[PDB]
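Worksheet for the structure shown next.
Heads up, the Cβs are rebuilt from the backbone with ideal geometry, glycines too, and the neighbour counts pull from every protein chain shown. FYI, it's all coordinate maths here, none of it is from the lab.
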There are 4 protein chains.
Amino acid sequence: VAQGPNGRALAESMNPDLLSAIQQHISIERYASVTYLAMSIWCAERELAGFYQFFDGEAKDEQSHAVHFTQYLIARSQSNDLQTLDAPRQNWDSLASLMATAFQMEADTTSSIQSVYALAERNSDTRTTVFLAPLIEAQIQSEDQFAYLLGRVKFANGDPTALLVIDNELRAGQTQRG
Amino acid sequence: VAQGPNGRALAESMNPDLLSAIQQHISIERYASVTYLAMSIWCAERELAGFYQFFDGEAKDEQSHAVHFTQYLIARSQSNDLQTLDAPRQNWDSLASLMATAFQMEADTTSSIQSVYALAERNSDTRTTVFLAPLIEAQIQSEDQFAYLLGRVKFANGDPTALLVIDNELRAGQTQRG
Amino acid sequence: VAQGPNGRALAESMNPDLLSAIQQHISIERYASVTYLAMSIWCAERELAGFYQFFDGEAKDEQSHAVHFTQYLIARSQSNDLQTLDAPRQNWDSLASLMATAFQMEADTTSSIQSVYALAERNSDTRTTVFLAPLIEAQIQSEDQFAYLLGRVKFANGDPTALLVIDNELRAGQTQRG
Amino acid sequence: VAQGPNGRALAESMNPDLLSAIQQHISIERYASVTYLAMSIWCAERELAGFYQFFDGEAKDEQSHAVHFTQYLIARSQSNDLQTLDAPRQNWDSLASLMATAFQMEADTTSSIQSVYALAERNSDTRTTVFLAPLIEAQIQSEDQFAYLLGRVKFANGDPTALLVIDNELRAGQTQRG
Ligand SMILES: [Cl-]
Ligand SMILES: [Cl-]
Ligand SMILES: [Cl-]
Ligand SMILES: [Cl-]
């Protein structure tokens, strides 16, 4: 029985480009997490308590997804490489603009998974494409959810009253179409 | 004991114009159902989640009413004839205009039942007029309900904040005067 | 952030041939639903109450699957296009022949999904192939189930006693190999 | 305040032809009841215990409906006139033929109500047409039920095994399409 790069028994070697692509995706999700934290703070600064709670939860959830990827690399007996994390964007002129960045961050997370998926398909690494499929399914729901929150916020058209109403929806856990 | 057109024992023959009128009404209710589905989608496209849930339920309910009519034709040993279903209207310039079409669709459903009622009265088919009476009673409540939703939406006068408030009412099941 | 054809924020554009293929599949499932309704009626006309209940449930379930596809198009910010629905087949010379049409309808539903799957694979639309995979899994079980019901009905070899026994199985919810 | 023919305070006079028609209908339902009793006995004589239980219940139910009409005449301050009751038919060559007579008896019960309904309509006695409407609704379900039992028995085509299976359905309370 061979040993993998992290030292555990190796079920099947992984192409080093696929390894790097996964390590990079872990960074994308760690960066989405700190971005949601910055958005949590920005909302809290403007007394948008529901939005603040929502993004606080999104930051923790996104970090869990990152950890889930590190566990997969351990499962494949591959080395992890936790990288330097850029500072997040921290300033926006409005909630609408903040939600636009949030939607883009979620969509870009899905894009990064798709790239890892396509690279694994090329290398015929079927464990990885299989492992990734539920994570892409969840990203579809996350994208639907952020499109919902962004569109609802844009519908408000900057009116504080509408934004307060939506803020209370979020504090109550009403965060998707349902 | 005679056999009816669908092959079951026949309690009492039905005039073929009355049969056709019932088969056509089944189509009206099937068409109301897919119309409510299209309205469900239109609302979902604009993040009006409460309205989306309401019309999703109305589509299923209207389909049940259609099925209820097919069971009556079976009870009378008459043949069913499920027809080609037109595509629904799918585009509206505003919620107010959508709710106007919804109200008209509900009122037109009642009109179609009334026509079947009047035709059965002419033919002295008392089973049918008796069978129809509870269904007209429910249509009165449905008309009251859609007049309520339409009028409330018009009262909002296109203000997004008011429409968000009404959207949340609908998501909570607050769909009539009560 | 770009807007998709239905007006919501767009996570990733979809090839218009893939869109049309999905809109067409929605029609196939809507048509399977009304076909199961017609079969429900045909069984009810012959006092096959268990078969009638089974197909009444299959019609509602198949409609739910259609709605599930419309929600996916909303999730992808694509336009829905609910189409004219053909009338279903409504006449069969025997239960065996009806069950044969039912099996073919279920198999053809799976074929239509496979075509959408293959088209999405060509366009590298990984959200769609991922979204479709559970639906194909369920179709395998549905095909196994209809092969079971069809084969059991053929085993009866037209004997009314055997068909009554199977009818009671279905009324009790005994609808698969288990 | 005037007194009616039975001596109670009279809310509204009833045409004597309408009174007689109601008194005659009471006899029809009393006769249906004893007919179901005779059918109960015929089934018991052939060890068809489920059919025997079913018709024993139908005899009691039909008698209750007769009593319900006598209460209406009391409510209208009209006289009751319980008439001589003919002997029921008591002999049949087969269950199929017995079920045919049962279906006809149920259909003839509905016809007699319809006649009373039409006579009340002519006399504009709206209490009576209103009172009768639920009873006609129930007759539609009774007709659907007896068409179901008759058709199922004919499907058996005289095979004892199939008739035993149906007998057990009835003993378990499986007496309609459901
Ligand atoms: Cl804003
Ligand atoms: Cl509006
Ligand atoms: Cl067969
Ligand atoms: Cl027989």
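Being within 16 Å of ligand 1 (Cβ to nearest atom) and not basic (K, R) narrows it down to one of A:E137, A:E169, A:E121, so name that one.
Answer to the selection: A:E169.
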Among the residues of region C:11-39, which ones are in contact with a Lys or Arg (Cβ under 8 Å, 6 or more places away or on another chain) and assigned to a loop (DSSP other than H, G, I, E, B)? C:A11, C:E12, C:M14
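Within the group A:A162, A:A100, A:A118, A:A138, which residue is within 16 Å of ligand 2 (Cβ to nearest atom) and either of a type in the set (A, V, I, L, M) or in contact with a strand residue (DSSP E or B) (Cβ under 8 Å, 6 or more places away or on another chain) (or both)? Talk me through it step by step, then tell me what you get.
Values: A:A100 fails: within 16 Å of ligand 2 (Cβ to nearest atom); A:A118 fails: within 16 Å of ligand 2 (Cβ to nearest atom); A:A138 fails: within 16 Å of ligand 2 (Cβ to nearest atom).
Of A:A162, A:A100, A:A118, A:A138, the one residue that is within 16 Å of ligand 2 (Cβ to nearest atom) and either of a type in the set (A, V, I, L, M) or in contact with a strand residue (DSSP E or B) (Cβ under 8 Å, 6 or more places away or on another chain) (or both) is A:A162.
Which residues, counting only those in region D:140-152, are of a type in the set (A, V, I, L, M, F, W, C) and surrounded by 21 or more Cβ atoms within 10 Å (Cβ to Cβ)? First the steps, then the outcome.
Pass one, region D:140-152, residues of a type in the set (A, V, I, L, M, F, W, C): D:140, D:146-147, D:149-150.
D:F146, D:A147, D:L149, D:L150 - these are the residues of region D:140-152 that are of a type in the set (A, V, I, L, M, F, W, C) and surrounded by 21 or more Cβ atoms within 10 Å (Cβ to Cβ).
Limited to region B:40-61, what total is found for residues that are outside any helix (DSSP H, G or I) and aromatic (F, W, Y)? So that I can check it myself, show each step before the final result.
Residues of region B:40-61 outside any helix (DSSP H, G or I): B:46-48.
Narrowing the set further to residues that are aromatic (F, W, Y) leaves none.
Summing the residues that are outside any helix (DSSP H, G or I) and aromatic (F, W, Y) in region B:40-61 gives 0.
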Spot the failing condition for A:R30; the list is (1) of a type in the set (K, R); (2) closer than 17 Å to A:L82 by Cβ; (3) surrounded by fewer than 21 Cβ atoms within 10 Å (Cβ to Cβ), and only one is missed. (3)
Do we find a residue being closer than 23 Å to A:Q139 by Cβ, away from chain A (no Cβ under 14 Å), in contact (Cβ under 8 Å) with a residue 60 or more places away in the chain and within 12 Å of the chain's Cα centre (by Cα) anywhere in region C:10-19? no
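Hey, can you tell me all the residues within region B:119-139 that are surrounded by fewer than 18 Cβ atoms within 10 Å (Cβ to Cβ) and more than 14 Å from every other protein chain (Cβ to nearest Cβ)? So that I can check it myself, show each step before the final result.
Taking region B:119-139 and keeping what is surrounded by fewer than 18 Cβ atoms within 10 Å (Cβ to Cβ), we get B:121-124, B:133-134, B:136-138.
Selection gives B:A138 alone.
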Do you know which of the residues in region D:81-112 that are β-branched (V, I, T) and either within 23 Å of D:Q145 (Cβ to Cβ) or within 12 Å of another protein chain (Cβ to nearest Cβ) (or both) is farthest from ligand 3 (Cβ to nearest atom)? D:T109
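For C:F55, state whether it is touching a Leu at 6+ places or on another chain (Cβ under 7 Å), within 14 Å of chain B (Cβ to nearest Cβ), within 16 Å of ligand 3 (Cβ to nearest atom) and under 30 Å from D:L150 (Cβ atoms). Before you say what the answer is, go through the steps one by one.
Values: touching a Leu at 6+ places or on another chain (Cβ under 7 Å): no; within 14 Å of chain B (Cβ to nearest Cβ): yes; within 16 Å of ligand 3 (Cβ to nearest atom): yes; under 30 Å from D:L150 (Cβ atoms): yes.
No; evaluated as a whole, the condition is false for this residue.
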In the list C:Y72, C:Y36, which residue meets the criterion of being in contact (Cβ under 8 Å) with a residue 40 or more places away in the chain and buried (at least 23 other Cβ atoms within 10 Å of the Cβ)? C:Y36
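Please go through region A:153-168 and give me each residue that is in contact with a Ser or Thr (Cβ under 8 Å, 6 or more places away or on another chain) and either crowded, with 21+ Cβ neighbours inside 10 Å or at the interface with another protein chain (Cβ under 7 Å from one of its Cβ atoms) (or both), ordered by number.
Scanning region A:153-168 gives A:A156, A:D159, A:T161, A:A162, A:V165.
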Which of the residues that make up region B:1-20 are surrounded by 18 or more Cβ atoms within 10 Å (Cβ to Cβ) and either among the hydroxyl-bearing types (S, T, Y) or closer than 29 Å to C:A66 by Cβ (or both)? B:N6
